[PDB]
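First to last, the sequence lines map onto chains A and B.
Mapped onto PDB author numbering, the consecutive letters of the first sequence carry residue numbers 40 to 55, 66 to 89, 100 to 202, 235 to 357, 373 to 409.
Mapped onto PDB author numbering, the consecutive letters of the second sequence carry residue numbers 7 to 163, 171 to 239, 251 to 274.
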Amino acid sequence: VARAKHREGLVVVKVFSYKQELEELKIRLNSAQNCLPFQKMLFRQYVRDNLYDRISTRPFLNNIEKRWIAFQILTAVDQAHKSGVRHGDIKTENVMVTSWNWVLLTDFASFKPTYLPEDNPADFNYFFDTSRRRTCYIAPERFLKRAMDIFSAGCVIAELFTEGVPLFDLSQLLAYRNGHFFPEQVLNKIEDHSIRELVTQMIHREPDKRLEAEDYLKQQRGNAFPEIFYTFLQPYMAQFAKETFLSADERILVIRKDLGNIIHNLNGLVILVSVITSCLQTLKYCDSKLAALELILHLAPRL
Amino acid sequence: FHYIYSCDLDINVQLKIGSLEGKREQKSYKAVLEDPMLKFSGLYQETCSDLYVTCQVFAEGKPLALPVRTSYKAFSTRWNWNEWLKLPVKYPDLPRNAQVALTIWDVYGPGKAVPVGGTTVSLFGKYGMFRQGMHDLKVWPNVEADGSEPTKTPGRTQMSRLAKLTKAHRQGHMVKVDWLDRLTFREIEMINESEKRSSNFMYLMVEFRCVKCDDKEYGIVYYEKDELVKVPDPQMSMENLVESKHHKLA
Ligand SMILES: Nc1nc2c(ncn2[C@@H]2O[C@H](COP(=O)(O)OP(=O)(O)OP(=O)(O)O)[C@@H](O)[C@H]2O)c(=O)[nH]1
Numbered sequence: 040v041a042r043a044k045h046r047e048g049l050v051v052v053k054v055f066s067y068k069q070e071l072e073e074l075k076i077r078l079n080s081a082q083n084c085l086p087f088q089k100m101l102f103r104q105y106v107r108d109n110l111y112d113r114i115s116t117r118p119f120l121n122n123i124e125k126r127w128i129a130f131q132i133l134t135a136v137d138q139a140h141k142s143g144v145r146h147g148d149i150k151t152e153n154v155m156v157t158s159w160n161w162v163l164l165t166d167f168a169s170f171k172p173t174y175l176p177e178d179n180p181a182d183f184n185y186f187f188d189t190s191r192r193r194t195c196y197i198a199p200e201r202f235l236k237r238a239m240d241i242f243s244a245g246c247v248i249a250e251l252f253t254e255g256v257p258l259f260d261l262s263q264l265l266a267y268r269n270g271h272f273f274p275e276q277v278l279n280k281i282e283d284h285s286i287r288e289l290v291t292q293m294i295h296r297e298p299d300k301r302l303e304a305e306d307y308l309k310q311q312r313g314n315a316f317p318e319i320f321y322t323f324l325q326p327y328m329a330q331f332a333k334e335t336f337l338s339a340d341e342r343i344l345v346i347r348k349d350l351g352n353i354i355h356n357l373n374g375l376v377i378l379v380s381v382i383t384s385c386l387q388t389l390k391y392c393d394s395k396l397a398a399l400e401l402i403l404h405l406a407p408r409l
Numbered sequence: 007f008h009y010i011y012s013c014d015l016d017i018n019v020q021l022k023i024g025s026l027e028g029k030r031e032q033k034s035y036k037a038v039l040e041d042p043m044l045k046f047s048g049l050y051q052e053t054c055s056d057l058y059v060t061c062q063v064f065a066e067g068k069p070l071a072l073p074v075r076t077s078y079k080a081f082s083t084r085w086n087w088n089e090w091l092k093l094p095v096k097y098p099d100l101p102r103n104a105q106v107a108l109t110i111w112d113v114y115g116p117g118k119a120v121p122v123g124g125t126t127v128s129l130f131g132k133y134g135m136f137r138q139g140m141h142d143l144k145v146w147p148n149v150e151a152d153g154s155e156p157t158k159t160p161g162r163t171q172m173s174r175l176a177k178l179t180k181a182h183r184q185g186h187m188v189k190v191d192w193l194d195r196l197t198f199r200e201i202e203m204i205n206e207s208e209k210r211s212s213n214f215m216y217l218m219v220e221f222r223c224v225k226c227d228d229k230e231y232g233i234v235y236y237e238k239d251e252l253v254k255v256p257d258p259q260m261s262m263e264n265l266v267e268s269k270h271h272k273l274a
C-alpha cells in the first residue's frame with residue numbers, strides 16, 4: 040500500500066475474473082452514492108479521512124454527526140446488498156469520511172474467505188489483521236449474507252460511539268461466540284440508550300434474528316435517527332456526491348441560492379458547515395469569497 | 007480604441023461640482039405662520055443660499071467611506087461651485103454597481119441642516135465603462151440622496174435620440190460634413206436648453222476626470238484579476265486551520 044499522485048487528483052495503490070468483479074462494483078455502486086469500490100495492482104481515490112483518524116482529530120465528531128454517520132453506514136449497507144454486493148469485512152479502517160461528512164464504504168472485500176477454522180487463527184492474522192489493534196468484528200456464524240455484515244456495522248457503530256474502544260478483540264469475540272461472555276462494559280459505554288439497543292439487536296448471536304438494514308432504519312425513524320436525515324439531507328447532500336459542483340465557487344453559490352429551503356427543514375446544520383468550509387479554503391474568484399462570507403454570517407446565529 | 011483598466015489605475019477618483027440650474031419651490035404663508043423658523047431658513051432669503059453638496063460612494067446599499075463636503079464659497083446670483091472634489095475611494099476599490107450619492111444642504115436654524123435635494127448617478131454605466139464628460143444629473147426634491155440598490159432617486163433616465178447620436182458623432186461613427194454639423198450642434202444646444210427649461214425639477218451639473226495626467230484619449234473599463253478521481257474533494261491538501269488554532273491556544 041502507498042499513496043501516489045494523479046494529473047488531476049490523488050490515488051491509493053495496493054500491491055499483492067476478479068477484474069470483472071471489480072468493474073461490477075464500479076457500475077452498481079455508481080448509483081450508490083455512499084460507496085466507493087475499486088475504481089481499477101488495485102487503484103482508487105484517496106479520501107480525506109478514515110473513521111479512526113476522524114475520531115482522533117481536533118474537529119471531534121459530536122453525537123449528532125456520529126448518528127448521521129451510522130445512518131449513512133446503514134444506507135451504504137442497503138445500497139450494497141440491494142445491488143447484490145456484500146462487504147465481507149467491515150471495520151473502522153474502511154469507512155472513509157470525506158471532508159464534508161459524506162461517509163463512503165470502501166475496500167469491498169471479495170478476496171477474503173468466508174469460513175474461519177476456529178482452532179487456527181492463522182487466517183485471521185494473515186487476511187484480516189492489518190491495523191493490528193486486535194479488534195475483530197467477523198460474524199460469529201462464519202467461524235456471505237446481509238446478516239454477516241449488519242453485525243459488523245453494529246459493532247462499528249458501538250466502537251464509534253465509544254471513542255475508539257473496541258467491542259471485541261479476538262479473545263472477547265471468541266468468548267462471546269461460545270456463549271460464555273457478553274461485553275456489558277462496552278455496551279454501557281455507548282452514549283445513547285437508543286444506539287445501545289441498536290447494537291444489541293444488530294449483534295444477535297444467532298444469525299436468524301438479525302433484521303435487514305432497511306428495517307433497522309425504519310424502527311429508528313423516530314428518535315434514533317431524526318426524520319430530517321430520511322427526507323432532506325439524504326437527497327440534498329447527494330448533489331455534491333458527483334462532479335456537478337467540482338468547483339468550490341459553484342458549491343458556495345448553490346448553497347447560497349438554496350439557503351432559504353435549507354433553513355426551512357434543518373439540527374443538521376453541523377453537516378452544512380462541514381460542507382461550506384471545504385469550499386472556503388479553496389475559493390478563487392472574489393464573488394465566491396464574498397458569498398461564502400455571507401453564508402457564514404447567515405449560519406452563525408443559528409449555531 | 008485604447009483604455010486603461012480600473013484595477014491598474016491607482017489614483018483618487020475626482021468629481022467636479024458644477025452649477026445647480028433650476029427653480030426652487032416655496033411653501034405657502036400658513037407654513038411660516040405655524041413654524042416661524044422658516045423665515046430665517048436659507049430658502050426664504052432673497053439671494054441664493056450658500057448650499058454645500060456632500061458626496062458619498064455607495065455599493066450594494068452599503069456606504070463605502072465618509073462623505074466629502076464642498077469648501078465654502080459665497081454666492082451672489084447663481085450656484086457655481088466649479089470645485090474639484092477628491093473622493094476617499096480609488097479606482098481599483100470601486101465595485102461594479104458603485105453609485106455616487108450627492109446631497110444638497112441648506113440652513114434651517116441654529117445648528118440644523120435640511121436637505122434641499124438629492125441625486126444618485128451610477129459610476130460604471132452600460133458596457134462597464136467609467137462615465138466621463140459633463141453629465142447633468144436630475145434632482146429629486148426634499149429627499150436625501152438615496153444609496154440603496156435599486157436607487158429610489160435615480161439621476162439619469171426626442172432628446173434621448175439626439176443624446177445617442179451626438180455620442181456616435183464624436184466616436185467617429187457618422188457621416189462627415191462641416192457646415193451641416195456646425196449648425197445642427199447649435200440646434201441640439203437650443204433643444205436641450207428648451208427641454209431643461211420645461212422640466213420642473215432642478216438639474217445638478219457634474220463632470221468627471223475626462224482630462225488627467227495621462228492622455229485624455231484613454232477610457233476606463235471595469236476589470237479585475239479574479251477517471252481515477254471521481255468524487256470531488258475541494259480541500260484535499262491544505263492546512264488544518266482548526267488544528268493550528270488549538271495548537272496555538274495552550
Ligand atoms: N486517512 C486515510 N487513510 C487511508 C486511506 N486509504 C487507506 N488508508 C490507510 O490504509 C489502511 C488500510 O487498512 P484497512 O482498512 O484494514 O484495509 P487493509 O489494511 O488494506 O485490509 P482490508 O481489511 O482487506 O482492506 C488504513 O489503516 C488507513 O490508515 C484514506 O483514504 N484516508
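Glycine residues also receive a C-beta, built at the ideal position from the N, C-alpha and C atoms.
Answer yes or no: the CB of A/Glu-152 versus the heavy atoms of ligand 1, is any distance below 8 Å?
With a threshold of 8 Å, the Cβ atom of A/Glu-152 counts as near ligand 1, since some heavy atom of the ligand is closer than that.
DSSP three-state label for A/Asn-179, please.
coil
Quick check: is the beta carbon of B/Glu-267 nearer than 9 Å to any beta carbon in chain A?
yes
Using DSSP bridges, identify the partner residues of B/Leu-21.
B/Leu-91
Chain A beta carbons: is any one of them nearer than 9 Å to that of B/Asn-264?
yes
Pull up the DSSP beta-bridge partners for residue 166 of chain B, would you.
Coordinates for residue 166 of chain B are lacking, as chain B steps from 163 to 171 with nothing built in between.
I'd like to know if the region 198 to 211 of chain B and the region 334 to 341 of chain A are in contact, where contact means that at least 3 CB-CB pairs between them fall below 8 Å.
no
Determine the chain B residues that contact A/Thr-157 at a beta-carbon separation under 8 Å, and present them in chain order.
What A/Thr-157 touches in chain B: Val-255 and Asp-257.
Is there at least one non-hydrogen atom of ligand 1 closer than 8 Å to the beta-carbon of A/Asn-109?
yes
Mind reading off the beta-carbon distance from A/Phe-331 to A/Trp-159? Whole number of angstroms is fine, and I expect it under 8 Å.
7 Å
Say yes only if the C-beta of A/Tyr-105 is nearer than 8 Å to one or more non-hydrogen atoms of ligand 3, and no if none qualify.
Judged by which ligands are present, ligand 3 is missing from the structure shown, whose ligands are ligand 1.
State the DSSP-derived secondary structure class of B/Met-135, mapped to helix, strand or coil.
Strand at B/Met-135.
What residues in its chain sit with their C-beta under 8 Å from that of A/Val-106, if we drop five residues either side in the sequence?
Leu-85, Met-155, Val-156, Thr-157, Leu-163 and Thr-165
Go ahead and pull the three-state DSSP assignment for B/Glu-220.
strand
Distance cutoff 9 Å, beta carbons only. Does A/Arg-113 sit that close to anything in chain B?
no
Given the structure, does A/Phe-187 come close to ligand 1, in the sense that its CB is under 8 Å from one of the ligand's heavy atoms?
Proximity of the beta carbon of A/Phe-187 to ligand 1 is indicated: a heavy atom of the ligand is located closer than 8 Å.
Determine the extent of the beta strand (DSSP E) in which residue 411 of chain A is found, giving its start and end residues.
Residue 411 of chain A cannot be examined here, being either before or after the span of chain A that is shown, 40 to 409.
Counting only beta-carbon separations shorter than 9 Å, does B/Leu-252 have a partner in chain A?
yes
If you compare alpha carbons, which of A/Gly-270, A/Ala-304, A/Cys-195 and A/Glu-282 is closest to A/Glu-254?
Checked all of A/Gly-270, A/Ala-304, A/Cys-195 and A/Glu-282; the closest Cα to A/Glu-254 is A/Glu-282.
Anything in chain A within Cβ reach of B/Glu-237, meaning under 8 Å, just list it in chain order.
Correct list: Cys-392.
For A/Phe-320, I'd like the list of residues in its chain whose CB is within less than 7 Å of its CB, leaving aside the five on either flank, ordered along the chain.
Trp-127 and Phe-130
Taking 8 Å as the line, does the beta carbon of B/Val-127 fall inside it for any heavy atom of ligand 1?
No, the beta carbon of B/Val-127 sits no closer than 8 Å to any heavy atom of ligand 1.
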